[PDB]
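[1] here is the input, now give the coordinates:
(9 chains)
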Amino acid sequence: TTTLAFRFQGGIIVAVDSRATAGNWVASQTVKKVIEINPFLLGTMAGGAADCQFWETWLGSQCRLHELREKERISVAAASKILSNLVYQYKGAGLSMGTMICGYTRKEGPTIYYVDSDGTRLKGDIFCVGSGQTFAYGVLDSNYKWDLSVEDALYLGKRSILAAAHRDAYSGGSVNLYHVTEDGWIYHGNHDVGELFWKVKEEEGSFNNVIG
Amino acid sequence: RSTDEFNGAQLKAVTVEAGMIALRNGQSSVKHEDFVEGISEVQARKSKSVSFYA
Amino acid sequence: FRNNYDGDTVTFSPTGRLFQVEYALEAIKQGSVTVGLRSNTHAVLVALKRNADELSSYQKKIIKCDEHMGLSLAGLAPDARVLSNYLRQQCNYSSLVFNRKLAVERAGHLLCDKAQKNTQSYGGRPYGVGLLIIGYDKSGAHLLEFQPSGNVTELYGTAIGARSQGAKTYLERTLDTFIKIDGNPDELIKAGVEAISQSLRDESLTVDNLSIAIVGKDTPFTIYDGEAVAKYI
Amino acid sequence: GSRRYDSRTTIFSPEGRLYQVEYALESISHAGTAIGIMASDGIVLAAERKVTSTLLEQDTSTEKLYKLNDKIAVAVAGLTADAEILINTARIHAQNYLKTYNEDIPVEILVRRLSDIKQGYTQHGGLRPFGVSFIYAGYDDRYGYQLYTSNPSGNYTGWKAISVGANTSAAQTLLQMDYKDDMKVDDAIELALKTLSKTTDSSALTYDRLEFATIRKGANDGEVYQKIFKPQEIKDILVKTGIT
Amino acid sequence: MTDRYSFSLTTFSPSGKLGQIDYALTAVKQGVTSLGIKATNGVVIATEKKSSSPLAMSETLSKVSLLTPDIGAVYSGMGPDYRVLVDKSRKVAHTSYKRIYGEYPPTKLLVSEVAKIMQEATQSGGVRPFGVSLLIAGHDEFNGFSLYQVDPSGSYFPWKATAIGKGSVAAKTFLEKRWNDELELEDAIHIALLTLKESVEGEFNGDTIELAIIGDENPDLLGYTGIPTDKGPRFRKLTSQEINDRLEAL
Amino acid sequence: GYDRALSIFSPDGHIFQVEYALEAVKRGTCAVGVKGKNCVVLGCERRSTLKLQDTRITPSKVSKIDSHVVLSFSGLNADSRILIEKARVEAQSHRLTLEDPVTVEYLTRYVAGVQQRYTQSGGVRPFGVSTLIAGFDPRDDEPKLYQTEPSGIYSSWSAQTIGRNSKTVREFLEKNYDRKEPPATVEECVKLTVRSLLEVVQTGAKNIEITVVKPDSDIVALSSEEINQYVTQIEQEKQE
Amino acid sequence: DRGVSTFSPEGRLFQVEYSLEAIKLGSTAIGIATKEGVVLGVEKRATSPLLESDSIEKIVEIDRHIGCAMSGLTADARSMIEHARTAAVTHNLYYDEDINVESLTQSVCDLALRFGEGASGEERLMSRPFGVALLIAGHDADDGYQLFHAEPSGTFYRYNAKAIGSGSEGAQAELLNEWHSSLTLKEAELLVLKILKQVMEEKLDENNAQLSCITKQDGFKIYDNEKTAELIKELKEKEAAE
Amino acid sequence: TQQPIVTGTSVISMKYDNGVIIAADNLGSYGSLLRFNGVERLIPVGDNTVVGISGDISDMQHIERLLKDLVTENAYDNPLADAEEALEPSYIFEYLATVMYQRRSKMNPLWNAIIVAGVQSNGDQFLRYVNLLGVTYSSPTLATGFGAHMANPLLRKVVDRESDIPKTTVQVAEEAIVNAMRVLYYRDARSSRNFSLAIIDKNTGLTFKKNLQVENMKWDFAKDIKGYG
Amino acid sequence: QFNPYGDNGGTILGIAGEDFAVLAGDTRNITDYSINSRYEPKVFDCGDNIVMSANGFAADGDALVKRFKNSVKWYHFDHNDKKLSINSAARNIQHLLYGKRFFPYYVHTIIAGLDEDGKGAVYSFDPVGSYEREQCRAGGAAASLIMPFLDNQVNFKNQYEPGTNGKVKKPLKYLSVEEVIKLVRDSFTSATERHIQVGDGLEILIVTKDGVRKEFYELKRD
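    Numbering: from 1, shown residues only, chains lettered A, B, ... in the order given. Provided below are the atomic coordinates:
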């Protein structure tokens, strides 16, 4: 399981996987791990799929009520705290939760909060989740720069996944990319990790020890 | 059969009301139809009307 | 008049009457007129849809409970909404556990108990609504008349709302006619058209205002309006 | 039976002034006088008993001055039965706050919560409201001595002198002419006993119809000491001042 | 099914002072006479206890009841109200008392608990006040013998001498003179019976006259003399013979 | 406890209670708010007439609900105490759950919902309490002055008067303030608030409190010598 | 007392008769709905130049594609609107679908209905049905554009055109003739403003009229100041021919 | 969770053209101790159903109270009893099933296995199974507990499928059940020769033969065996 | 100590056409080595052309199927007699299942029915209650034998377009209802031979716009 989001000069890049294992067999090789809580905010799906779908749908419910009442876009800061308190109270149920709630306002700049089933609220700039969070962390931190184009920030995220994707066993499938502007997330499209792997292998000559 | 729980006095009113109606229509002779209409005029409740709350 | 007892539900007059029920009988006459008739194999409701004005669209008066059962509202309109949601749940429950459809007699009986209860004690209005319950079951066709009091009675035809006497006059003459008609939808509906023209005095039908429904052996609950009812006229 | 009949005390009055609360002030003024005089160095608190019956052992039984704790004493005027419930409620509240925070409760906090209970009764309690006024003589280090009184309304107001019970006006008027801002506790002892005698129809207000207490910081080594004065100690200071 | 009352029936009169408190009190005054003298070595409590019907057993009728083996009590006013109030008072004292102390309640304490309960009746809608006045006579270490009077208003005060009921006015005055600072147990009883005769004349059989003292301690009555440093019952309910005896020494 | 209907509509289509509530407001002594574009200026009369009342420990009407949200009133003095506590818990509940202090707009709706619940329930009498709510919205310096009715309706107002004799005070604000451009400075604006209050107060300098609340949680109280300074100017206008 | 329980001699609920008069005092609201847009135009009440006319609202968003107008007791109608908002969000969760205007209308009447007298099948915490009427408008495919008028009676009627509040009676008389099937959005807008000046006590301005629409394109969208002004200005030019 | 004590085992059944045949042992075994003897537990309700009950006897009594109660409740209100509000094997089956599922959700299920057998008013054959788990099926032939592993296949011969239900006559089915108890006696330690054979017929109603006994047993082969190794 | 939940095996195969949807399942009911029933349909059309099977423990499925059917009646009430969308039906089942997660229902529930454009749709539910749209997902016990076969030949997954080997795959093709019955049957036949649980019979419910079509194919009974 490899999902990440990292802040950069032009916004946030969210890049995720889609392979879901039931048992040991890949029961679904494609799975939406991008939850649109509302049109401006995205949560990553990790751990039990059912825990996450219900609880980020429910957040959206409060988001709609806040947009009507206050007539002001829902703060990033608020939406993460409401999940954190709810998950904490219900902690030790079996609820399997791990989400970076991502949004980009002009009142706080681009922002990321990692939230856990524990009820942790961690502000951050690099966060990554899953079994392959160790590999992706290695590459990412070393080629991290805040001052960076949108185009280079995207292609770093593509590469980051791909490095981690081969070695991590349960990470594979396809890559969903987003570049998050101020006025919400904009989709930057789907690319099969298989197909992506041919292109890099040739261009950069990477994965030259891997015989593809 | 129509009239239920009406005294002698009330019945009497039903028939007097019928003649005012027949006169208003301008018939030579009162119709059965007019007596029925007098029944719901002698009644406390307002005469048959389109729905508006019920 | 007020007088007597009606702020207090428990207390009755010497006679034994409770004023609350009297008002609730009047309430029926103020609202919608609806007539019912039944043959041994079909059960018919004929309801005159009504509105407040011209720009207003017309508004259903038969509210379908189920494929096998229905009711039509004529006294208080908020009251009917309550009872229908309630009755929807009771048919589900009885169908689920006993595997047997909620037969029309019991259904009127469960309903009496609920109304009676609110009038027994302080708290809770009498349900003022008069409902005419049809239903088609294994033992043929039924039509019951739900009094505001909490009394159900099996009838073959009945009329409710103001000036109901006119409709009853017709139905008793053609009581025998109507019952011996069987396997015929057309025939039944045509009689019921005429029954309600007796009631209406200095008042007009319109075909779109006229809303007619049947339920029977071969027919589930269906509502017919417009071109459809133009056939039976 | 019960539906028909009504004894609603929870009508919002048309005068802005609930009628039941009006009558409870009448009832307060039947009960004897209690006087709070706030000085820089203490609160001198003194209340006359309203019984005067000879068979009745008044000596033993304190019925108006009740010590809640070290820094806070209450004088009662009003209905003694209603009053008992509020004494236990006021005692447990100061202890609970002392346990949580390890500081004697500020005076302000305690008085407010008790007033809010009286308020609650007519807010939507359905209850007749307690027909008692209490002068809470209190101390805390931050704010010095603080003096507040309560109303059957559930309203409190601070003061530098207050009177409740009978002869509210007669007592208040004397204290205004005679008390000056700077008189110390010492003066206030002499002052209190003499004004009370002059209001009351008794020729000499005896020591046995008196209750007297002081709360003072002029108790050495930066400490607070209260003492509900015993009936015979009231007697010696009664003789000095020439009432007897 | 609860009464639809949701509010206090008890209202302040428009002149102050609750209607119902006044209403309850009248009963105590109307009811038959009781007197008590507090004494230094005891307490005498005395009441008239007239035959209801000669055929009626006049022994089973009681107006003395126990609260603790040390403290007894007598009332005037409504008879059925008393019985229930006693039962509540046994529980309020005993269980709760044992849990926070594990002894018999001192008299001061016991009397105060009773006062709150009377107030809560009145305050509570659907429940009209208990109109009874009880004299609770008892012993405690720390105050010697004590007599408190508990009014139906939910207020108590201790008295040297008191009386309630019809004859209260006459009795109090008689006693007032006879009361001394030092009193013999024997004299407190003579003086009590003398006044009681004037409340209603005749019927001075000790059967129809109910007399109790909160006399001196007995390990004899305690029913164990194996350690006789344990306090015995302070309270003693006198026999008819004992009363008969007192009439001769008066 | 009580729960029986008192929300029985008149045949003149109004709750009786709500009418009585309006009557009560008036009696409470006046409070005035006029916001500048750089302040909110608050004036009120307090009891201080009585020789032998120590003002330091006599409660002050003007209430901290938050560092940047303040509240004043006209109406029942008993019921306000309850009101103030409710707002204080809500104010803190926002920092706890949604983060950041109450937006002012949000506290105005909270206060209004309390009154509304009292009219939904038949049991609970509405408070007879109107309030002036003033403050600075988070991360911003914009002055807000809000007004309430005891019936559960809220609205924003440029200037306001509630309490005793609103008539004389209203007529003055219609000539002395104009909506097109607010007072330019703190000093110009303090003077208008002061001038307006003294109309129905009559002089004093000792009895009346003026509290200026400026952005970034600045609450500062005017000394009696400063109050009089404004009176000294105004005496000259009245003479000429 | 005269409870919800106890009826009038006719058999009507007390509260239903009283609530008619309550609404009458309320603010005039005019609704003309067409299949080119629902146009809601309302009178904003004003007592001072000192009142700030931006803050107040009488058109209130209940949902992304749902607009509403309120009249009656405003403070009771402020709760009514809060709960309506709740209902809509709760449906959106359950079916992942935008509520039909019609169902929403029923869900609100079910919630006003519930008293204080004390039932045995229902939860009590009020005293009465709200004595407020609302105009619930909105767009969905099935019915196209809709406008509903909910009564305190526990009865909903759909309308082509409905006027409530002070001007209920005189506005309705014109709306019968002038309303048509042919009308579009620009037509409808001008007509509402025209009726509004006759029933407005003072002059018509863009600063005491507030217009909104429900279109399916924008959802619920409140018109800026400028559009409103321009349609007033356009109406003047035609009035001065006379 | 109920600990099962006294047990019933085996209720064996098969369908034919006009109705259902249902048979059970009568015996309340308590492990090795045959504490209770002659325990009838084919229990009739109307002409149109016999409810053969297996599993815990303690629970069996509780289940009987529900059946008792269901006959009274249908009888109430309506006079009808000709067949209209008369019970059907469907109505009775479903009523139990719903209830059983409530107890097994609380992790305290009622511990029995129930075969409801009967004939509808139109006349169709009814044979379904419900158990502690509430696994619901209609199957042509059924046998519960120990009976499942021999009686299921045994009965299955004569009626192997749904289109053998018209083929099999009452005569073949009767023969098949007589053999079936002879087997069940021989090789099951909790099965006596005691049996009650109920014919649920639409045409003739209930012919209930109690206390049939198979009285003749095979042991011929035992005499020949004398070795051991 | 009662077991938390039993099992009743079986296998189901979900395939989305592009105007129709087919849900096929073995009619056998089996637990341990005894065939519980021969024929007891598992797929039931529950209404508004949505067919439902909660394969795994049959007992859990009786409860789920009923509660879902009760909501089908009420979708008309709430939406003013409008068609129950496949998407909307998916969310309703989800809630119940999250509610009975803390006592966890074992199901692989597949609903199939019609979307907005009138197309086939297959949504499949994990036992906790998550669901996702998928083109083809088999369910049950032998889900894992059946599913790659459908992936390879329908989607032409790794079936290289010749000459452009490694790169381009064979062009995707239209599904037709006739072609789909032929695939389903083949997949059931292979499962029959290698997995004891599959066999005897197959009750295929084809779902089209105009209703449900029931057709029955024999499978080896050994």
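[2] number of nearby residues for residue A:114?
    21 (other CB atoms under 10 Å in any protein chain shown). C-beta: built from backbone N, CA, C; applies to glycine.
[3] where does chain I come near chain H, residue by residue?
    Residues of chain I lying near chain H by CB under 8 Å from any CB of the partner chain: I:1-2, I:6, I:8, I:29, I:31, I:34, I:36-40, I:58-59, I:62-63, I:103.
[4] can you give me the strands in chain E?
    Taking DSSP state E, the strands of chain E run over residues E:34-38, E:43-48, E:65-66, E:72-77, E:132-139, E:145-151, E:155-158, E:161-164, E:209-213, E:236-237.
[5] my error: substitute chain H in the last question.
    H:7-8, H:11-15, H:19-25, H:27-30, H:33-37, H:42-45, H:49-56, H:112-119, H:125-131, H:137-138, H:141-143, H:194-201, H:205-213.
[6] what do you get for chain G?
    For chain G, applying DSSP E gives strands covering G:29-34, G:37-43, G:59-63, G:66-72, G:132-140, G:144-150, G:156-158, G:161-164, G:209-215, G:219-222.
[7] mind checking which of these is nearest chain H?
    Ranking these by proximity to chain H (CB to the nearest CB) places strand G:156-158 first, at 36.4 Å.
[8] for the residue nearest the centre of chain B, what are its contacts?
    For chain B, residue B:38 is the residue whose C-alpha lies nearest the centre (CA atoms, centre = their mean; 1.1 Å). Counting by CB atoms under 8 Å, 6 or more residues apart in numbering or on different chains, residue B:38 touches B:13-18, B:21.
[9] please name the nearest non-neighbouring residue to residue F:233.
    What sits nearest to residue F:233 in space, not counting adjacent residues and going by CB to CB, 6 or more residues apart in numbering or on different chains, is residue F:191, at 7.1 Å.
[10] just checking, residue I:212 touches residue I:50?
    No - Residue I:212 is beyond contact range of residue I:50, at 10.0 Å (criterion: CB atoms under 8 Å).
[11] the more surrounded of these two?
    Using other CB under 10 Å, the more surrounded residue of residue I:212 and residue I:50 is residue I:50, with 25 against 15.
[12] can you map out the strands along chain C?
    C:34-39, C:42-48, C:62-64, C:69-72, C:131-137, C:140-146, C:152-154, C:157-160, C:210-216, C:222-224.
[13] revised request: answer the last question for chain A.
    Taking DSSP E as the test, the strands found in chain A are A:3-8, A:11-16, A:20-22, A:25-28, A:34-36, A:42-44, A:98-105, A:109-116, A:121-124, A:126-129, A:174-181, A:184-192.
[14] up against chain A, what does chain E have?
    By CB under 8 Å from any CB, no part of chain E sits against chain A.
[15] show me the contacts for residue A:110.
    The contact partners of residue A:110, taken as CB under 8 Å, 6+ apart, are A:7-8, A:11-12, A:104, A:180.
[16] tell me which two of those sit farthest apart.
    A:8 and A:104 (11.1 Å; CB to CB).
[17] I figured residue E:171 was touching residue E:35, is that so?
    Yes - Residue E:171 is within contact range of residue E:35, at 5.0 Å (criterion: CB under 8 Å).
[18] settle it for me: which of those two has more neighbours?
    Taking neighbours as other CB under 10 Å, residue E:171 and residue E:35 compare with residue E:35 leading, 28 against 25.
[19] picking up where we left off before, chain G: which of the strands of chain E is closest?
    Going by CB to the nearest CB, the one of those nearest chain G is strand E:132-139, 35.4 Å.
[20] and that closest one, is it in reach of chain D?
    No - applying CB under 8 Å from any CB, one finds strand E:132-139 separated from chain D by no less than 13.0 Å.
[21] tell me which residues of stretch G:16-28 come out buried.
    Using 16 or more other CB atoms under 10 Å in any protein chain shown as the test for burial, stretch G:16-28 gives G:16-20, G:22-24, G:26-28.
[22] ok, of those, which one's closest to residue H:172?
    residue G:16 (74.1 Å).
[23] could you pull up the residues touching the closest one?
    B:53, G:129, G:152-153.
[24] CA-only coordinates of stretch G:148-158 in PDB, if you can.
    Below are the C-alpha coordinates for stretch G:148-158, written out as PDB (Å, rounded to 0.1, in the frame of the first residue of the first chain):
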ATOM      1  CA  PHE G 148     -44.500  24.700  -3.300                       C
ATOM      2  CA  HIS G 149     -46.500  26.500  -0.700                       C
ATOM      3  CA  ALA G 150     -46.600  24.800   2.600                       C
ATOM      4  CA  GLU G 151     -49.400  25.500   5.000                       C
ATOM      5  CA  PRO G 152     -49.400  25.300   8.800                       C
ATOM      6  CA  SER G 153     -52.500  23.000   8.100                       C
ATOM      7  CA  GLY G 154     -50.100  20.000   7.200                       C
ATOM      8  CA  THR G 155     -51.000  20.400   3.600                       C
ATOM      9  CA  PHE G 156     -48.800  21.200   0.600                       C
ATOM     10  CA  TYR G 157     -50.000  22.600  -2.700                       C
ATOM     11  CA  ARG G 158     -47.700  23.100  -5.700                       C
END
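[25] is there proximity between it and chain I?
    No - judged by CB under 8 Å from any CB, stretch G:148-158 makes no contact with chain I; its nearest approach is 11.7 Å.
[26] centre of the chain to that stretch, how far?
    The chain centre lies 11 Å from the centre of stretch G:148-158; the measure is CA atoms, centre = their mean, to the nearest Å.
[27] just the helices in chain E please.
    Taking DSSP state H, the helices of chain E run over residues E:19-30, E:79-99, E:107-123, E:168-178, E:185-199, E:219-222, E:240-248.
[28] what's the closest non-adjacent residue to residue E:200?
    Counting by CB to CB, 6+ apart, the nearest residue to residue E:200 once its immediate chain neighbours are dropped is residue E:48, at 6.0 Å.
[29] show me what the one you found is bridged to.
    residue E:209 (DSSP bridges).
[30] the longest helix in the chain is where?
    Looking at chain A here, since you left the chain open. Ordering each helix of chain A by length in residues (DSSP H) puts helix A:49-69 first.
[31] let's do chain G instead
    In chain G, taking DSSP H as the definition, the longest helix is helix G:74-95.
[32] now that helix against strand G:144-150, angle please.
    Going by axes from the mean of the first three to the mean of the last three CA atoms, to 10 degrees, helix G:74-95 is angled at 140 degrees with respect to strand G:144-150.
[33] distance to residue H:171 added to the strands of chain G, as TSV?
    Formatted as TSV, the strands of chain G follow (distance: least, CB to CB, whole Å):
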stretch	distance to residue H:171
strand G:29-34	77
strand G:37-43	78
strand G:59-63	72
strand G:66-72	73
strand G:132-140	67
strand G:144-150	70
strand G:156-158	68
strand G:161-164	79
strand G:209-215	77
strand G:219-222	76
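[34] would you format those strands as CSV with mean neighbour count and distance to residue A:31 included?
    Converted to CSV, the strands of chain G look like this (neighbours: other CB atoms under 10 Å in any protein chain shown; distance: least, CB to CB, whole Å):
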stretch, mean neighbour count, distance to residue A:31
strand G:29-34, 26, 44
strand G:37-43, 25, 41
strand G:59-63, 23, 31
strand G:66-72, 26, 34
strand G:132-140, 26, 32
strand G:144-150, 21, 38
strand G:156-158, 20, 44
strand G:161-164, 25, 50
strand G:209-215, 21, 37
strand G:219-222, 17, 31
